[PDB]
Amino acid sequence: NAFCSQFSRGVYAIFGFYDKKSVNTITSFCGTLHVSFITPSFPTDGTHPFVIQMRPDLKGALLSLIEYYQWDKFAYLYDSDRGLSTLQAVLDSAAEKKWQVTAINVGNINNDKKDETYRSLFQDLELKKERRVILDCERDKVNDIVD
Amino acid sequence: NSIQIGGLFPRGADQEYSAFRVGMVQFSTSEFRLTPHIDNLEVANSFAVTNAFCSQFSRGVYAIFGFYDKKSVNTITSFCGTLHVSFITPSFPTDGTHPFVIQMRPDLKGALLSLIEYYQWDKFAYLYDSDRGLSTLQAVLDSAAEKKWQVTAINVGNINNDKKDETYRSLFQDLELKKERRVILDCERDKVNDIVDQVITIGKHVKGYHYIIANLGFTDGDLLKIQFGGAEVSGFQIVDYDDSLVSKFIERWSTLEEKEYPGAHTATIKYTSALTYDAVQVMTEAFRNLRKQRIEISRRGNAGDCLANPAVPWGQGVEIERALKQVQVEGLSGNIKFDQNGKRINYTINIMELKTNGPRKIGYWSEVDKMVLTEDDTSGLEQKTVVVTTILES
Amino acid sequence: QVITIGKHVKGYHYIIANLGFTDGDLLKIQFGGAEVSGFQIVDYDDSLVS
Ligand SMILES: *[C@@H]1O[C@H](CO)[C@@H](O)[C@H](O)[C@H]1NC(C)=O
């Protein structure tokens, strides 16, 4: 609605944000109606025309950092909010570079009792004595984990 | 009594639509008739799906049956939730609790994890396809932390098909560094045959390898090829051809003219198509339980534009949901029941193994009983030991 | 048949006893692993044949 509303008002370009759920709506409409969409949100997983992305791809910088510290076995706590684009990145590279990645979706954790979950989270991260963790989350979900 | 409904069929869903037609005939009554308005659009395209939905909504439908992709799924779940429109689909279950959505496909995530423990797997390769969402991928990865597994997940989806050979060779090259002999194929009926064919070519289908087809259509694909190879192949079957109910369906299905009913002249049926047929039955029993319940919901083709702002949900939709979700009949996919959300419950998924004589059910999986093996044990195995007699003499 | 039973993998060695080695389809038992030898009378490397 917000898109069609701004479109009926006759705009020349649209600046906004999208989620892992609404991203497809934007990329699709903007491509059909030839409307330009500028967004700071996470980059689209593919080549969607009429979309300007302010956020650079971190996927590359991350993989490079892992090799720098020479990591072979690490835990990868991810959040499905910005798409599993980076998750697939480390998993696919784990095949080539031969890594033992322990991916764990720290996203679907219900926040009104999220404690017996973290205790059971680092309980699995102790079976293999994981000492190297990668936090792929938002500025908020990170502080929760850090705490 | 004319009940207008919407039908969103992706271009290529021949057998699915054929099964949709047969259902209209088998479940047609004098009390009321269903009027399907078919719209063949590219299910992947989110924009097109939006139009097809608003179009069927302006035409004033009471319910919508169709399909969605990993991309357009959010559009459907969202609109149907806002406009209180019911959406029945055989497609993959939604990752969450989205109201006004009826899902014909049971969750395989549970049956898969149970099978892995049965074979006692600790290190296996997991070739997945991002088409049906990474819902099952997250399942095995999260369980890999608890059950302590060494999973080698590889996205076999983004493989460009106009040169997809130097990719498979480089795929099983990584699956040889750790000498992976146990692979789980989480793909569609098509992407599976492609892999199976490649497997036979490179000769990784001989004794020593173990494949698991992570879909509800184990017998839906061609197995005659990797049947005599030697490698053990397991999978899941939702359409039990041993049920007199299903057996009777095939008796009439296999005879139907393939001209009028595309891809319908076979002894088997894709689980997606079987769910479509069962979908019609659910919609019938639902609209029937509303007539016998003395509930008026009827309207006209003037619901208005779906983009109407503010968008006002027609109260008659709330009852249509409580109807479909309350339905409980017997179909091709076993006992059909639903919860308050729309996810199927109290269902049964047969665990299958591929032997020399062909596929064979070794047990089933219940949401409440986990895995339960049925008779089949080739008892015994030369157990006939040797009786050694001896005397007690130091 | 050889490919079906899987006797075309590394360890097996076949010899096609005819003058037409490239006359038949070899793309099938080419990536199997088993070594395959034969005989060719029509040299496609000759400028005459080429
Ligand atoms: C659950 O499913 C079984 C098998 O179809 C059925 O017999 C039973 O009635 C169901 N249970 C209830 C309480 O509905």
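None of the figures in this text is laboratory data; all of them are computed from the coordinates on show. All Cβ positions, even for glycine, are placed from backbone atoms using ideal geometry, and neighbour counts span all protein chains on display.
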- Query: Can you list the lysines whose alpha carbon sits under 17 Å from that of residue B:270, skipping same-chain ones fewer than 8 residues off?
  - Reply: B:191, B:248
- Query: Hey, how much of the P(r) for the range B:247-394 falls beyond 22 Å, as a percent of Cα pairs?
  - Reply: 66 percent
- Query: DSSP beta bridges in chain B, what fraction antiparallel, as a percent rounded to 5?
  - Reply: 35 percent
- Message: I'd like the projected area of the range B:159-269, averaged over all directions, using the convex hull of its alpha carbons. Report it in nm² with one decimal.
- Response: 8.5 nm²
- Query: Once a ≥ b ≥ c are taken as the square roots of the eigenvalues of the Cα gyration tensor of the range B:1-55, is the result rounded (a/c under 1.5), prolate (a/b larger than b/c) or oblate (a/b not larger than b/c)?
  - Reply: oblate
- Message: What does the C-alpha gyration tensor say about the overall shape of the range A:66-128? Classify as rounded when a/c is under 1.5, otherwise prolate if a/b is larger than b/c, or oblate.
- Response: oblate
- Once the Cα atoms of the protein assembly as shown are picked out, what are the Rg and Dmax in Å? 27.6, 106
- Note on the structure: With a ≥ b ≥ c from the Cα gyration tensor eigenvalues, square-rooted, and the rule rounded for a/c under 1.5, otherwise prolate when a/b > b/c and oblate otherwise, the range B:93-200 is oblate
- Among B:115-121, C:33-39, B:203-209, the order from most to least packed when residues are scored by Cβ within 10 Å on average: B:203-209, B:115-121, C:33-39
- Mind checking A:19-28 for the average number of partner chain beta-carbons within 10 Å of each residue's beta-carbon? 5
- Note on the structure: Computed from the beta carbon distance with a Förster radius of 30 Å, FRET efficiency for residue B:311 and residue A:12 to the nearest 0.05 stands at 0.65
- Checked against the positive end of the charge dipole of the range A:1-140 (+1 on Cβ of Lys and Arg, -1 on Cβ of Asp and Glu, about the Cα centre), the farthest of A:109, A:135, A:36 is A:36
- Query: Around residue B:182, which amide H atoms from residues at least 5 apart in sequence, or from another chain, sit under 5 Å from its own amide H, with H modelled in the peptide plane?
  - Reply: B:125, B:210
- Note on the structure: In whole Hz, the Karplus estimates of ³J(HN,Hα) for the range C:10-15 (6.51, -1.76, 1.60; θ = phi - 60°; x where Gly or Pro) are 3, x, 9, 9, 10, 10
- Item | q = 0.13, 0.22 Å⁻¹, the range A:1-99: log10 I(q)/I(0) [Debye, one scatterer per Cα] | -0.56, -1.10
- Item | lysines whose Cα lies under 24 Å from that of residue C:7, excluding same-chain neighbours fewer than 8 positions away | B:179, B:204, B:207, B:225, B:355, C:28
- Message: I'm checking a number: the convex hull volume of the Cα atoms of the range B:275-328, normalised per residue, in Å³. What is it?
- Response: 108 Å³
- Determine which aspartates and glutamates satisfy two conditions relative to residue A:73: a Cα distance under 20 Å, and not lying fewer than 8 residues away in the same chain. A:92, A:96, A:124, A:126, A:130, A:136, B:122, B:142, B:146, B:174, B:176, B:180
- Item | Highest to lowest packing among B:98-107, B:312-321, scored as the average C-beta count within 10 Å | B:98-107, B:312-321
- Query: Given R₀ = 45 Å, FRET efficiency for residue C:50-residue B:176 by Cβ-Cβ distance, to 0.05?
  - Reply: 0.70
- Lone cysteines in chain B, going by a 4.7 Å Cβ-Cβ cut-off? B:80, B:187
- Note on the structure: Of the residues A:60, A:13, A:71, the Cα lying farthest along the dipole of chain A towards its positive end, which is defined by charges on the beta carbon of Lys, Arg, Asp and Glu, belongs to A:13
